[PDB]
Every structure is written in C-alpha cells, then in structure tokens.
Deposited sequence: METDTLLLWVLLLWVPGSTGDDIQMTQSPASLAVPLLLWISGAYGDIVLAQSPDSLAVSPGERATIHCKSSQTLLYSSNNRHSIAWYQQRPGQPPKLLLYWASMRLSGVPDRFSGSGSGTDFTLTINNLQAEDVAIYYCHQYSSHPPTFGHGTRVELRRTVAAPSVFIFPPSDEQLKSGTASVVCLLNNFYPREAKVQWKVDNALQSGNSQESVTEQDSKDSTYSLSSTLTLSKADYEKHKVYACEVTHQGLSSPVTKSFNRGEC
C-alpha cells in the first residue's frame, strides 16, 4: 500500500490556490502540515474534516482512490511540506510529501567564484567554492572544470530555504581537492545554467 503524492514541489502566489494530490494503491485519509524546523501538525482527517482551529481556507476532498488538499487565499505561513496519511492500511503509511513554495518572477543567479584560502592550503586540502546568489526558481545546475576537464563526484552542493525577504534561493557548490591536485593545476572555473540565463555563465581564476 503506497501513497504517490504529487506534485513534489508547487509554486503558488499569495492569495492564489494550491492543489495537492494523493493517490493510493488501495475515507481514511489525513493531511499534515510541517513548516521548516517544526513538528507536523494535523489539519484534516476523514479526507475532508478539518481539525478544530484550522482555518477555513484549508479544505480536503477525494473520491475513493484519489485525494486532494486545497489551500485557498494562500498565506505566507502556508509555506510548508504537506503529508497525506492513509490510516486504514497496515501499517499506516505517509506520502513523501509536497513542498509548497512562493511564486515570484524568474531571477537569474549572481554567480561568484572563491579561491581556496592560503590559510587552508597549509592544512593540506583545497576547497574551491562557487556561489549562486538570489535566484529563482530553485532548479539550477553547476559544472566544475579544472584545466577545461570536467569534474564529478568531488563536489558537494547545498541550497538555502526560500528567502523570507524576496522569495529567492541561493546555492553553494564546494569542490574539494588535495593540495597536491590543486598545485598541479592552473585554471579553475564553475559553469552555471538556469532559466534566467540565456547561456551558461562561467566564473574562473588562476
């Protein structure tokens, strides 16, 4: 008994309507809200019955196998992950959730490149950092190249929560090499692709 929940992510403007789906392989459905760094909170059970205190803009529906959570007049406090829960199966299961983010105009990342400090090289490792600042939507990709040679499996990424101020995201890519591998190379560059870009941006150094 699985719960395919969709979409995985969902961008919505404030005042507008958010629509989350939940389908099972086989009305005992509950919906939960979890804001960043917060515990889950029950909103609806029996698919359509709101818990006391939950605002009227939250409504649930669902015929048999497909279930819907609807958020009208979207508020800022509504940005969270939403989980559907089937409680008539054994054991009970949850969907993997649906992220509800705010919608804004497309923004291109201001890309910066950061050479490893001389202070770090003394330790024996070299961290090259690429920064993608204040962009939208969240989807973006970053390629590392050293002497024009593509790198992979040696760079960790990390991205911020949606910005409270301007609804943008930021991303960091950290390329880690040994001191040996860093001193035997010259030109370092990260290449960024994104919707707000008409062509892949490159920042580099020697």
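- Residues of the deposited sequence that lack C-alpha coordinates fall in the stretches 1 to 46, 73 to 81, 262 to 265.
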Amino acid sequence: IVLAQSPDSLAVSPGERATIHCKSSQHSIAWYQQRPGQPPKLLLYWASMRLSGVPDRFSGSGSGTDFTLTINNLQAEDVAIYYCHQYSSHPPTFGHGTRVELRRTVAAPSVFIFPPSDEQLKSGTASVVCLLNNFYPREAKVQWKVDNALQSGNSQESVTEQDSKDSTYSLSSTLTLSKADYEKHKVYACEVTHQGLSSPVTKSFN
From here on, numbers count along this sequence of modelled residues.
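- Averaged over their C-alpha atoms, the temperature factors of 176 to 184 and 28 to 36 are higher for 176 to 184.
- Checked against the record, the higher mean CA B factor of 127 to 135 and 78 to 86 lies with 127 to 135.
- Looking only at 70, 158, 168, 151, the residue with the top Cα B factor in the deposited structure is 151.
- Compared with the other modelled residues of the chain, the Cα B-factor recorded for residue 112 ranks in the middle third.
- When the CA B factors of the chain's modelled residues are split into thirds, the value for residue 58 lands in the middle one.
- In the deposited entry, the Cα temperature factor of residue 20 places it in the lowest third of its chain's modelled residues.
- Ranked by Cα temperature factor within the chain, residue 197 sits in the highest third according to the deposited record.
- Ranked by Cα temperature factor within the chain, residue 99 sits in the lowest third according to the deposited record.
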